Amino acid sequence: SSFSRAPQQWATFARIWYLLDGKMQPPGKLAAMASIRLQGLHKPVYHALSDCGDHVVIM
Amino acid sequence: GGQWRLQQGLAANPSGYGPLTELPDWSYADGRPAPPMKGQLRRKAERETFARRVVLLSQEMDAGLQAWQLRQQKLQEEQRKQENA
Amino acid sequence: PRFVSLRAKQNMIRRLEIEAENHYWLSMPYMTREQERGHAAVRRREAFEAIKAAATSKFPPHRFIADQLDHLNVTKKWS
Amino acid sequence: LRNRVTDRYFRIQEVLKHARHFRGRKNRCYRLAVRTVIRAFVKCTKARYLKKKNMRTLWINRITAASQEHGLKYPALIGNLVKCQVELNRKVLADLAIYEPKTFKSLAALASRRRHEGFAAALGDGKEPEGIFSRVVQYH
Amino acid sequence: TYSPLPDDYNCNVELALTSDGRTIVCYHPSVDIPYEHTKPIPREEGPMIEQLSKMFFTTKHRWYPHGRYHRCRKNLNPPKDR
Amino acid sequence: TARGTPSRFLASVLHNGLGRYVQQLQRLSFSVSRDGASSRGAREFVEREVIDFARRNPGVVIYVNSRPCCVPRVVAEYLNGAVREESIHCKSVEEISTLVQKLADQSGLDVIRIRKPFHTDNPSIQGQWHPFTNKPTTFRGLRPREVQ
Amino acid sequence: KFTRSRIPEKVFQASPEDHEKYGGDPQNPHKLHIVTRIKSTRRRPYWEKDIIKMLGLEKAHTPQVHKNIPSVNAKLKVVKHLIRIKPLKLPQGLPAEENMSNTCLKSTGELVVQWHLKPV
Amino acid sequence: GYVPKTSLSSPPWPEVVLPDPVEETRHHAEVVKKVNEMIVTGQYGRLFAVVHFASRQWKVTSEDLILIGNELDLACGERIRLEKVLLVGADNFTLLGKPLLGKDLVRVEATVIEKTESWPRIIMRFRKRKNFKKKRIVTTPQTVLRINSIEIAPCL
């Protein structure tokens with residue numbers, strides 16, 4: 001709180017790089033977590049048109 | 001989650017009876033209570049005609065059995081008063 | 001081909017349970033059939049005499065002088 | 001023609017003020033614009049139900065996301081807040097999830113606390129003292 | 001030693017009922033980031049559309065333009081709020 | 001429809017309830033024909049109800065023009081310079097009174113669509129969610145696969 | 001052919017296991033039913049549609065009070081799959097004319113004749 | 001009765017041991033005393049109430065607006081005490097009732113600003129090949145409320 005308008009807006013919709021180690025993991029159960037973080041469905045700010053997806057790095 | 005609310009005697013829908021829907025929503029800032037909500041007046045009319053029906057049906061049940069007992073007692077008096085002379 | 005899930009079995013079962021309790025509470029009447037007879041004949045007769053009475057009291061409404069003359073106000077003007 | 005119709009520009013223009021933003025000849029020609037304008041009004045009224053529906057699934061997506069931030073799942077949160085007689089709705093919980101995430105964190109703590117009292121109460125079965133947050137406020 | 005959520009990262013949540021048992025008092029002041037948990041401050045159309053795509057991690061299609069019918073349907077004075 | 005109509009956000013005129021409440025309706029302009037069957041209910045409104053109405057809110061200045069009109073009008077002007085011209089054509093006095101009280105009670109803002117049913121200007125009190133709320137920090141600010 | 005279905009009388013005879021299951025007493029039974037339509041009369045025969053109209057159950061999920069007499073029980077046995085029956089239990093008395101307006105039928109099945117909105 | 005530690009020996013969730021009600025009711029007494037000191041000494045900043053005004057829950061601070069889809073039959077300018085406030089939050093504490101808060105605890109005031117009608121709102125029905133085309137135009141009445149103050153009281 002007490003940010004200005006522009007850095008609050010930048011802070012909320014800024015997108016976050018996640019790392020995700022896929023050793024000995026099943027591909028669909030990685031794919032579910034990756035898919036949620038790619039759509040932005042792990043954010044409470046989520047909306048489809050608002051474009052709040054993130055980056056998932058799967059190693 | 002309303003089956004829980006049925007376990008507790010509450011309305012199954014929290015918008016049913018109870019404190020969220022039957023207190024007044026607003027008052028004056030002086031403290032004068034508001035005129036009543038339209039749905040609360042309608043709803044109390046529904047509850048009162050329901051209560052009138054409960055009382056009405058109860059009284060027809062009770063007067064029904066009392067009149068039957070008069071018919072049975074007077075049948076037995078017509079039995080015993082015709083076994084004579 | 002259509003198959004039966006667990007939703008459908010649990011739903012069907014809770015309808016069967018509501019049904020079984022309907023069977024229970026219909027199994028103990030407060031009166032016998034000899035006791036109930038004529039126990040509400042008066043109220044049923046007065047109820048139909050009200051239906052009968054509202055049926056046989058149908059007629060045109062009253063026509064008034066004041067309505068017909070009150071149409072003359074369509075040319076009320078100022079002075 | 002004894003009385004043919006003078007006032008026909010205005011019937012056309014009653015339809016075509018609704019079509020001024022369409023594509024193709026639907027914004028211009030009355031025969032095409034009537035079918036599309038009618039069809040737009042039918043969609044416009046059937047979309048009231050879909051506005052309500054899509055807001056509610058949007059709120060469940062936002063409550064789902066914000067409660068997965070605190071480890072809970074959505075059925076756990078909503079169930080065990082009903083069980084606390086916190087009769088907030090989905091709109092308010094989604095808006096607290098966005099704008100007041102400490103109140104949402106404390107509601108997630110109240111719902112997981114109630115969830116664990118439901119576990120420990122329905123584990124050690126029999127007559128026992130009830131949980132502290134498990135108590136209900138009787139209204140008479 | 002029980003904590004219903006790991007009161008570590010957002011706010012220190014401390015639930016309470018009152019004596020009547022009717023209101024739930026939550027007490028939750030903010031968790032400051034420790035000083036130990038911080039780093040010091042360090043001191044043509046084709047290839048342009050591929051370069052913007054790869055810069056901003058989006059596809060190519062939002063960098064191609066659009067026609068006048070789409071540029072003039074746009075609301076240039078949209079309503080503001082807050 | 002909503003996509004053909006313009007829309008707006010819910011607002012006030014000059015924060016109209018915060019300090020005091022100001023009646024947003026400045027002028028009414030009735031124009032009533034003397035001889036004319038369409039302004040009959042306007043005539044009986046000027047004779048019966050417009051003086052009582054003009055006393056129930058004295059910040060409203062009311063002009064009854066009373067020219068030969070063929071349709072009578074009421075022209076509400078608002079403090080923010082909006083003009084709502086409505087007709088009182090072939091209306092009863094009671095329908096005109098509910099219309100004039102309708103124009104009195106409202107403000108000059110458009111009756112286009114309102115987007116949200118609310119307008120906070122400070123929606124967030126505990127601080128709005130950014131993706132580093134609800135995350136724990138690490139020792140010395142490290143990220144994944146950071147050695148030192 | 002699909003016809004009207006009689007149901008035999010052994011179906012409507014309680015067992016003491018059922019008196020242990022539900023909360024009933026075979027001696028001194030209840031006077032008033034609460035009947036509630038919970039399954040549509042559409043895709044049902046026209047006779048069941050009629051019995052739902054007679055019982056006053058055209059709205060779903062709205063309770064209706066009936067007598068526990070064998071005629072009303074006969075109509076209820078026709079449409080027992082569409083309805084729900086509970087005994088009207090009355091913890092305090094039936095309402096007198098003082099308590100006539102301030103009642104509330106609760107979801108348990110009881111009809112309370114003093115309905116405050118204050119917690120206990 | 002012993003099972004050796006296999007995969008499926010224990011349930012997969014870790015067990016929580018919920019605290020005993022003696023020290024827990026004492027702990028709640030400490031917390032309510034703290035929060036009641038914050039309400040007494042005025043430590044809080046601005047509040048937000050969740051108010052079950054009308055038929056829905058409005059999350060509300062002071063100095064804002066609510067558009068309600070019915071005429072309340074009040075004059076424009078009239079102050080209103082909104083009962084049925086059911087959450088009240090500040091920066092460092094909240095208060096939530098079961099389901100409602102005490103009227104002696106929270107007081108939420110609001111004036112009526114304007115009593116408008118809605119934008120005209122079309123209701124069209126159309127079934128194809130049946131010559132079924134109805135059209136209605138509906139404006140519902142609406143009032144706008146300006147929430148003036150959420151005043152809080154030390155009654156815990």
# chains A, B, ... in the order shown; residues from 1 in each chain; ligands from 1
call {"tool": "select_by_dssp", "arguments": {"residues": "range 8-79 of chain B", "states": "strand (DSSP E or B)", "output": "ChimeraX atom specification"}}
result
/B:26-28,33
call {"tool": "residues_around", "arguments": {"residues": "residue 19 in chain C", "least_positions_apart": "5", "cutoff": "10 Å", "atoms": "only C-alpha atoms", "output": "MDAnalysis selection string"}}
result
(chainID C and resid 13:14 24) or (chainID G and resid 80:85)
call {"tool": "residues_around", "arguments": {"residues": "range 97-102 of chain D", "least_positions_apart": "5", "cutoff": "10 Å", "atoms": "only C-alpha atoms", "output": "VMD selection string"}}
result
(chain A and resid 1 12 43 to 46) or (chain D and resid 59 62 to 67 91 to 92 107 to 108) or (chain E and resid 10 to 13 26 to 30) or (chain F and resid 122 to 130 133 to 134) or (chain H and resid 48 89 to 94)
call {"tool": "interface_residues", "arguments": {"of": "chain F", "to": "chain H", "cutoff": "6 Å", "atoms": "only C-alpha atoms", "output": "count of residues only"}}
result
12
call {"tool": "closest_atom_pairs", "arguments": {"of": "chain B", "to": "chain C", "cutoff": "7 Å", "atoms": "only C-alpha atoms", "output": "JSON lines"}}
result
{"residue": "B:60", "atom": "CA", "partner": "C:40", "partner_atom": "CA", "distance": 6.6}
{"residue": "B:64", "atom": "CA", "partner": "C:39", "partner_atom": "CA", "distance": 4.6}
{"residue": "B:65", "atom": "CA", "partner": "C:35", "partner_atom": "CA", "distance": 6.3}
{"residue": "B:68", "atom": "CA", "partner": "C:35", "partner_atom": "CA", "distance": 5.8}
call {"tool": "residues_around", "arguments": {"residues": "residue 45 in chain E", "least_positions_apart": "6", "cutoff": "10 Å", "atoms": "only C-alpha atoms", "output": "list in words"}}
result
residues 51, 63 and 64 of chain E
call {"tool": "select_by_dssp", "arguments": {"residues": "chain G", "states": "helix (DSSP H, G or I)", "output": "JSON, numbers by chain"}}
result
{"G": [9, 10, 11, 12, 16, 17, 18, 19, 20, 21, 46, 47, 48, 49, 50, 51, 52, 53, 54, 55, 70, 71, 72, 73, 74, 75, 76, 77, 78]}
call {"tool": "atom_distance", "arguments": {"atom1": "CA of residue 132 in chain D", "atom2": "CA of residue 8 in chain E"}}
result
24.0 Å
call {"tool": "residues_around", "arguments": {"residues": "residue 80 in chain D", "least_positions_apart": "4", "cutoff": "9 Å", "atoms": "only C-alpha atoms", "output": "list in words"}}
result
residues 1 of chain B; 75, 76, 84, 85, 110, 111, 112, 113, 114, 115 and 118 of chain D
call {"tool": "residues_around", "arguments": {"residues": "range 27-37 of chain B", "least_positions_apart": "5", "cutoff": "7 Å", "atoms": "only C-alpha atoms", "output": "list in words"}}
result
residues 79, 80, 81 and 82 of chain H
call {"tool": "write_last_selection", "arguments": {"atoms": "N, CA, C and O atoms", "output": "JSON list (two decimals), in the first residue's frame"}}
result
[["chain", "number", "residue", "atom", "x", "y", "z"],
["H", 79, "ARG", "N", -29.78, 10.46, 5.71],
["H", 79, "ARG", "CA", -28.81, 9.55, 6.26],
["H", 79, "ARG", "C", -29.47, 8.26, 6.70],
["H", 79, "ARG", "O", -30.63, 8.24, 7.09],
["H", 80, "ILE", "N", -28.69, 7.20, 6.67],
["H", 80, "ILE", "CA", -29.11, 5.83, 6.76],
["H", 80, "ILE", "C", -28.07, 5.13, 7.60],
["H", 80, "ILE", "O", -26.88, 5.23, 7.29],
["H", 81, "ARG", "N", -28.48, 4.43, 8.63],
["H", 81, "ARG", "CA", -27.57, 3.54, 9.30],
["H", 81, "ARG", "C", -27.73, 2.15, 8.73],
["H", 81, "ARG", "O", -28.76, 1.52, 8.94],
["H", 82, "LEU", "N", -26.72, 1.66, 8.04],
["H", 82, "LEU", "CA", -26.76, 0.32, 7.48],
["H", 82, "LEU", "C", -26.54, -0.71, 8.57],
["H", 82, "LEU", "O", -25.43, -0.86, 9.07]]
call {"tool": "interface_residues", "arguments": {"of": "chain B", "to": "chain G", "cutoff": "9 Å", "atoms": "only C-alpha atoms", "output": "list in words"}}
result
residues 6, 7, 8, 9, 10, 11, 12, 17, 18, 19, 22, 23, 44, 45, 47, 48, 49, 50, 51, 52, 53, 54, 55, 57, 58 and 61 of chain B
call {"tool": "write_last_selection", "arguments": {"atoms": "N, CA, C and O atoms", "output": "short mmCIF file (atom, residue, chain, number, x, y, z; two decimals), in the first residue's frame"}}
result
data_model
loop_
_atom_site.label_atom_id
_atom_site.label_comp_id
_atom_site.auth_asym_id
_atom_site.auth_seq_id
_atom_site.Cartn_x
_atom_site.Cartn_y
_atom_site.Cartn_z
N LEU B 6 -28.74 -27.83 7.50
CA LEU B 6 -29.86 -28.66 7.91
C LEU B 6 -29.52 -29.44 9.17
O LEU B 6 -30.42 -29.74 9.96
N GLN B 7 -28.25 -29.80 9.36
CA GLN B 7 -27.87 -30.49 10.59
C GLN B 7 -28.06 -29.61 11.81
O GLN B 7 -28.34 -30.11 12.90
N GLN B 8 -27.93 -28.30 11.65
CA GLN B 8 -27.93 -27.36 12.75
C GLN B 8 -29.26 -26.68 12.94
O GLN B 8 -29.34 -25.70 13.67
N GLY B 9 -30.30 -27.13 12.24
CA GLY B 9 -31.60 -26.52 12.35
C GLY B 9 -31.79 -25.23 11.60
O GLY B 9 -32.89 -24.69 11.61
N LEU B 10 -30.74 -24.72 10.98
CA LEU B 10 -30.79 -23.51 10.19
C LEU B 10 -31.55 -23.76 8.89
O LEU B 10 -31.86 -24.89 8.54
N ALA B 11 -31.83 -22.68 8.17
CA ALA B 11 -32.34 -22.82 6.82
C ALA B 11 -31.26 -23.37 5.94
O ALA B 11 -30.09 -23.04 6.12
N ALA B 12 -31.64 -24.19 4.97
CA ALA B 12 -30.67 -24.81 4.08
C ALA B 12 -29.96 -23.78 3.21
O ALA B 12 -28.82 -24.00 2.81
N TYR B 17 -34.84 -18.20 6.32
CA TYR B 17 -35.17 -17.49 7.53
C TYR B 17 -33.92 -17.26 8.35
O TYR B 17 -32.89 -17.90 8.15
N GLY B 18 -34.01 -16.34 9.30
CA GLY B 18 -32.90 -16.10 10.17
C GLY B 18 -32.47 -14.66 10.19
O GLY B 18 -33.20 -13.76 9.77
N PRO B 19 -31.26 -14.41 10.68
CA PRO B 19 -30.86 -13.03 10.95
C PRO B 19 -30.39 -12.24 9.74
O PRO B 19 -30.50 -11.01 9.77
N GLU B 22 -34.03 -11.19 7.91
CA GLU B 22 -35.23 -10.75 8.57
C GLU B 22 -35.04 -9.59 9.52
O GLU B 22 -36.04 -9.02 9.97
N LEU B 23 -33.82 -9.22 9.84
CA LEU B 23 -33.63 -7.94 10.46
C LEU B 23 -33.82 -6.87 9.40
O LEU B 23 -33.79 -7.17 8.21
N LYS B 44 -44.23 -12.45 6.19
CA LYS B 44 -45.01 -12.62 7.41
C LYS B 44 -46.47 -12.87 7.12
O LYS B 44 -47.16 -13.49 7.93
N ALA B 45 -46.97 -12.40 5.98
CA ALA B 45 -48.31 -12.81 5.57
C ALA B 45 -48.36 -14.29 5.22
O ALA B 45 -49.34 -14.97 5.54
N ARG B 47 -46.32 -16.66 6.45
CA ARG B 47 -46.19 -17.39 7.70
C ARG B 47 -47.46 -17.34 8.52
O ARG B 47 -47.81 -18.31 9.18
N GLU B 48 -48.17 -16.22 8.47
CA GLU B 48 -49.39 -16.16 9.25
C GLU B 48 -50.51 -16.97 8.62
O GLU B 48 -51.22 -17.64 9.36
N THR B 49 -50.67 -16.97 7.29
CA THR B 49 -51.71 -17.85 6.73
C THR B 49 -51.36 -19.32 6.91
O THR B 49 -52.25 -20.16 7.02
N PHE B 50 -50.07 -19.63 6.93
CA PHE B 50 -49.62 -20.97 7.27
C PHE B 50 -50.00 -21.33 8.70
O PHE B 50 -50.45 -22.46 8.96
N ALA B 51 -49.83 -20.40 9.63
CA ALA B 51 -50.17 -20.66 11.03
C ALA B 51 -51.67 -20.80 11.22
O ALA B 51 -52.12 -21.64 12.00
N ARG B 52 -52.44 -19.98 10.51
CA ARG B 52 -53.90 -20.12 10.51
C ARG B 52 -54.31 -21.47 9.97
O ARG B 52 -55.28 -22.05 10.46
N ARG B 53 -53.59 -21.99 8.99
CA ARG B 53 -53.95 -23.30 8.48
C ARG B 53 -53.59 -24.40 9.46
O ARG B 53 -54.32 -25.38 9.57
N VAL B 54 -52.49 -24.24 10.20
CA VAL B 54 -52.13 -25.24 11.20
C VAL B 54 -53.17 -25.30 12.30
O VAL B 54 -53.62 -26.38 12.69
N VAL B 55 -53.60 -24.13 12.77
CA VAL B 55 -54.62 -24.07 13.81
C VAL B 55 -55.96 -24.59 13.30
O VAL B 55 -56.63 -25.37 13.99
N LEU B 57 -56.59 -26.77 10.78
CA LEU B 57 -56.59 -28.21 10.59
C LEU B 57 -56.55 -28.93 11.92
O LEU B 57 -57.21 -29.96 12.07
N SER B 58 -55.82 -28.40 12.90
CA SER B 58 -55.79 -29.02 14.23
C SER B 58 -57.16 -29.04 14.87
O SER B 58 -57.58 -30.06 15.44
N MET B 61 -59.36 -31.67 13.25
CA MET B 61 -59.00 -33.02 13.69
C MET B 61 -59.62 -33.32 15.05
O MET B 61 -60.26 -34.36 15.24
#
call {"tool": "closest_residue", "arguments": {"among": "D:135, D:130, D:79, D:71", "to": "chain A", "atoms": "only C-alpha atoms"}}
result
D:71
call {"tool": "closest_atom_pairs", "arguments": {"of": "chain D", "to": "chain F", "cutoff": "12 Å", "atoms": "only C-alpha atoms", "output": "JSON lines"}}
result
{"residue": "D:16", "atom": "CA", "partner": "F:4", "partner_atom": "CA", "distance": 11.3}
{"residue": "D:17", "atom": "CA", "partner": "F:4", "partner_atom": "CA", "distance": 8.8}
{"residue": "D:18", "atom": "CA", "partner": "F:4", "partner_atom": "CA", "distance": 6.5}
{"residue": "D:19", "atom": "CA", "partner": "F:4", "partner_atom": "CA", "distance": 7.9}
{"residue": "D:20", "atom": "CA", "partner": "F:4", "partner_atom": "CA", "distance": 7.9}
{"residue": "D:21", "atom": "CA", "partner": "F:4", "partner_atom": "CA", "distance": 6.8}
{"residue": "D:22", "atom": "CA", "partner": "F:4", "partner_atom": "CA", "distance": 9.2}
{"residue": "D:27", "atom": "CA", "partner": "F:4", "partner_atom": "CA", "distance": 11.7}
{"residue": "D:37", "atom": "CA", "partner": "F:1", "partner_atom": "CA", "distance": 9.7}
{"residue": "D:38", "atom": "CA", "partner": "F:1", "partner_atom": "CA", "distance": 11.0}
{"residue": "D:39", "atom": "CA", "partner": "F:1", "partner_atom": "CA", "distance": 11.3}
{"residue": "D:40", "atom": "CA", "partner": "F:1", "partner_atom": "CA", "distance": 7.8}
{"residue": "D:41", "atom": "CA", "partner": "F:1", "partner_atom": "CA", "distance": 7.0}
{"residue": "D:42", "atom": "CA", "partner": "F:1", "partner_atom": "CA", "distance": 10.2}
{"residue": "D:43", "atom": "CA", "partner": "F:1", "partner_atom": "CA", "distance": 9.4}
{"residue": "D:44", "atom": "CA", "partner": "F:1", "partner_atom": "CA", "distance": 6.3}
{"residue": "D:45", "atom": "CA", "partner": "F:1", "partner_atom": "CA", "distance": 9.1}
{"residue": "D:46", "atom": "CA", "partner": "F:1", "partner_atom": "CA", "distance": 11.9}
{"residue": "D:47", "atom": "CA", "partner": "F:1", "partner_atom": "CA", "distance": 10.7}
{"residue": "D:48", "atom": "CA", "partner": "F:2", "partner_atom": "CA", "distance": 11.5}
{"residue": "D:62", "atom": "CA", "partner": "F:129", "partner_atom": "CA", "distance": 11.8}
{"residue": "D:65", "atom": "CA", "partner": "F:131", "partner_atom": "CA", "distance": 11.6}
{"residue": "D:66", "atom": "CA", "partner": "F:134", "partner_atom": "CA", "distance": 9.1}
{"residue": "D:67", "atom": "CA", "partner": "F:134", "partner_atom": "CA", "distance": 10.4}
{"residue": "D:68", "atom": "CA", "partner": "F:134", "partner_atom": "CA", "distance": 10.5}
{"residue": "D:69", "atom": "CA", "partner": "F:134", "partner_atom": "CA", "distance": 6.7}
{"residue": "D:70", "atom": "CA", "partner": "F:134", "partner_atom": "CA", "distance": 7.7}
{"residue": "D:71", "atom": "CA", "partner": "F:134", "partner_atom": "CA", "distance": 10.8}
{"residue": "D:94", "atom": "CA", "partner": "F:129", "partner_atom": "CA", "distance": 11.5}
{"residue": "D:95", "atom": "CA", "partner": "F:123", "partner_atom": "CA", "distance": 9.3}
{"residue": "D:96", "atom": "CA", "partner": "F:124", "partner_atom": "CA", "distance": 8.7}
{"residue": "D:97", "atom": "CA", "partner": "F:129", "partner_atom": "CA", "distance": 7.7}
{"residue": "D:98", "atom": "CA", "partner": "F:129", "partner_atom": "CA", "distance": 5.3}
{"residue": "D:99", "atom": "CA", "partner": "F:128", "partner_atom": "CA", "distance": 4.4}
{"residue": "D:100", "atom": "CA", "partner": "F:126", "partner_atom": "CA", "distance": 5.0}
{"residue": "D:101", "atom": "CA", "partner": "F:129", "partner_atom": "CA", "distance": 6.5}
{"residue": "D:102", "atom": "CA", "partner": "F:126", "partner_atom": "CA", "distance": 6.7}
{"residue": "D:103", "atom": "CA", "partner": "F:126", "partner_atom": "CA", "distance": 8.2}
{"residue": "D:104", "atom": "CA", "partner": "F:126", "partner_atom": "CA", "distance": 10.3}
{"residue": "D:105", "atom": "CA", "partner": "F:134", "partner_atom": "CA", "distance": 8.8}
call {"tool": "write_last_selection", "arguments": {"atoms": "C-alpha atoms", "output": "PDB file, in the first residue's frame"}}
result
ATOM      1  CA  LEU D  16     -30.942   1.285 -37.804  1.00  0.00           C
ATOM      2  CA  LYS D  17     -29.790   3.247 -34.763  1.00  0.00           C
ATOM      3  CA  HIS D  18     -28.961  -0.105 -33.225  1.00  0.00           C
ATOM      4  CA  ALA D  19     -27.020  -1.303 -36.222  1.00  0.00           C
ATOM      5  CA  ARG D  20     -24.704   1.707 -36.712  1.00  0.00           C
ATOM      6  CA  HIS D  21     -21.675  -0.335 -35.544  1.00  0.00           C
ATOM      7  CA  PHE D  22     -22.152  -3.610 -37.393  1.00  0.00           C
ATOM      8  CA  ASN D  27     -25.285  -1.333 -40.700  1.00  0.00           C
ATOM      9  CA  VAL D  37     -30.635  -6.391 -34.769  1.00  0.00           C
ATOM     10  CA  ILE D  38     -33.334  -8.821 -33.604  1.00  0.00           C
ATOM     11  CA  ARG D  39     -30.677 -11.462 -33.232  1.00  0.00           C
ATOM     12  CA  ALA D  40     -28.544  -9.053 -31.214  1.00  0.00           C
ATOM     13  CA  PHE D  41     -31.429  -8.346 -28.868  1.00  0.00           C
ATOM     14  CA  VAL D  42     -32.079 -12.031 -28.312  1.00  0.00           C
ATOM     15  CA  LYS D  43     -28.403 -12.484 -27.446  1.00  0.00           C
ATOM     16  CA  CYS D  44     -28.588  -9.353 -25.299  1.00  0.00           C
ATOM     17  CA  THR D  45     -31.260 -10.881 -23.112  1.00  0.00           C
ATOM     18  CA  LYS D  46     -29.945 -14.408 -22.989  1.00  0.00           C
ATOM     19  CA  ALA D  47     -26.627 -12.952 -21.871  1.00  0.00           C
ATOM     20  CA  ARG D  48     -27.959 -11.776 -18.541  1.00  0.00           C
ATOM     21  CA  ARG D  62     -10.055 -16.021  -7.996  1.00  0.00           C
ATOM     22  CA  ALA D  65      -6.153 -19.161  -6.868  1.00  0.00           C
ATOM     23  CA  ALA D  66      -5.839 -17.112  -3.733  1.00  0.00           C
ATOM     24  CA  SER D  67      -6.654 -20.004  -1.451  1.00  0.00           C
ATOM     25  CA  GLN D  68      -4.145 -22.237  -3.201  1.00  0.00           C
ATOM     26  CA  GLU D  69      -1.647 -19.550  -2.211  1.00  0.00           C
ATOM     27  CA  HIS D  70      -2.333 -20.547   1.399  1.00  0.00           C
ATOM     28  CA  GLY D  71      -2.373 -24.279   0.840  1.00  0.00           C
ATOM     29  CA  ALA D  94     -12.837 -12.611  -4.280  1.00  0.00           C
ATOM     30  CA  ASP D  95     -12.662  -8.889  -3.644  1.00  0.00           C
ATOM     31  CA  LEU D  96     -10.981  -9.454  -0.299  1.00  0.00           C
ATOM     32  CA  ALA D  97      -8.627 -11.859  -2.021  1.00  0.00           C
ATOM     33  CA  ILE D  98      -7.481  -9.097  -4.337  1.00  0.00           C
ATOM     34  CA  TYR D  99      -7.636  -6.022  -2.137  1.00  0.00           C
ATOM     35  CA  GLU D 100      -7.235  -7.231   1.448  1.00  0.00           C
ATOM     36  CA  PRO D 101      -5.021 -10.285   1.473  1.00  0.00           C
ATOM     37  CA  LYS D 102      -4.448 -10.220   5.221  1.00  0.00           C
ATOM     38  CA  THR D 103      -8.154 -10.580   5.898  1.00  0.00           C
ATOM     39  CA  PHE D 104      -8.136 -13.295   3.296  1.00  0.00           C
ATOM     40  CA  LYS D 105      -5.181 -14.929   5.001  1.00  0.00           C
TER      41      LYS D 105
END
call {"tool": "closest_atom_pairs", "arguments": {"of": "chain D", "to": "chain B", "cutoff": "10 Å", "atoms": "only C-alpha atoms", "output": "Markdown table"}}
result
| residue | atom | partner | partner_atom | distance |
| --- | --- | --- | --- | --- |
| D:75 | CA | B:1 | CA | 9.5 |
| D:78 | CA | B:1 | CA | 7.8 |
| D:79 | CA | B:1 | CA | 5.9 |
| D:80 | CA | B:1 | CA | 9.0 |
| D:81 | CA | B:1 | CA | 9.3 |
| D:82 | CA | B:1 | CA | 6.4 |
| D:83 | CA | B:4 | CA | 7.3 |
| D:85 | CA | B:5 | CA | 9.4 |
| D:87 | CA | B:14 | CA | 7.4 |
| D:136 | CA | B:8 | CA | 8.3 |
| D:137 | CA | B:8 | CA | 9.9 |
| D:138 | CA | B:8 | CA | 8.7 |
| D:139 | CA | B:18 | CA | 7.4 |
| D:140 | CA | B:18 | CA | 8.6 |
call {"tool": "closest_atom_pairs", "arguments": {"of": "chain H", "to": "chain D", "cutoff": "6 Å", "atoms": "only C-alpha atoms", "output": "tab-separated table"}}
result
residue	atom	partner	partner_atom	distance
H:98	CA	D:85	CA	5.1
H:99	CA	D:86	CA	5.4
H:123	CA	D:45	CA	5.8
H:124	CA	D:42	CA	5.5
call {"tool": "decode", "arguments": {"residues": "range 7-16 of chain F", "atoms": "N, CA and C atoms", "output": "PDB file, in the first residue's frame"}}
result
ATOM      1  N   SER F   7     -20.969   3.676 -22.200  1.00  0.00           N
ATOM      2  CA  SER F   7     -21.062   3.320 -20.798  1.00  0.00           C
ATOM      3  C   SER F   7     -20.204   4.259 -19.988  1.00  0.00           C
ATOM      4  N   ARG F   8     -20.363   4.205 -18.678  1.00  0.00           N
ATOM      5  CA  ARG F   8     -19.593   5.082 -17.828  1.00  0.00           C
ATOM      6  C   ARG F   8     -19.435   4.451 -16.476  1.00  0.00           C
ATOM      7  N   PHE F   9     -18.650   5.092 -15.654  1.00  0.00           N
ATOM      8  CA  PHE F   9     -18.498   4.622 -14.303  1.00  0.00           C
ATOM      9  C   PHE F   9     -19.364   5.432 -13.374  1.00  0.00           C
ATOM     10  N   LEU F  10     -19.757   4.793 -12.295  1.00  0.00           N
ATOM     11  CA  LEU F  10     -20.643   5.392 -11.324  1.00  0.00           C
ATOM     12  C   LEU F  10     -19.888   6.492 -10.615  1.00  0.00           C
ATOM     13  N   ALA F  11     -20.490   7.665 -10.536  1.00  0.00           N
ATOM     14  CA  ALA F  11     -19.823   8.820  -9.983  1.00  0.00           C
ATOM     15  C   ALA F  11     -20.849   9.719  -9.337  1.00  0.00           C
ATOM     16  N   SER F  12     -20.357  10.818  -8.816  1.00  0.00           N
ATOM     17  CA  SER F  12     -21.137  11.907  -8.279  1.00  0.00           C
ATOM     18  C   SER F  12     -20.735  13.138  -9.046  1.00  0.00           C
ATOM     19  N   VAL F  13     -21.167  14.292  -8.580  1.00  0.00           N
ATOM     20  CA  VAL F  13     -20.854  15.476  -9.351  1.00  0.00           C
ATOM     21  C   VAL F  13     -19.703  16.230  -8.715  1.00  0.00           C
ATOM     22  N   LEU F  14     -19.827  16.584  -7.451  1.00  0.00           N
ATOM     23  CA  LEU F  14     -18.694  17.141  -6.727  1.00  0.00           C
ATOM     24  C   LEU F  14     -18.588  16.522  -5.368  1.00  0.00           C
ATOM     25  N   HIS F  15     -18.559  15.186  -5.335  1.00  0.00           N
ATOM     26  CA  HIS F  15     -18.571  14.395  -4.111  1.00  0.00           C
ATOM     27  C   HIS F  15     -19.813  14.750  -3.299  1.00  0.00           C
ATOM     28  N   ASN F  16     -20.946  14.355  -3.862  1.00  0.00           N
ATOM     29  CA  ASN F  16     -22.177  15.012  -3.499  1.00  0.00           C
ATOM     30  C   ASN F  16     -22.738  14.550  -2.169  1.00  0.00           C
TER      31      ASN F  16
END
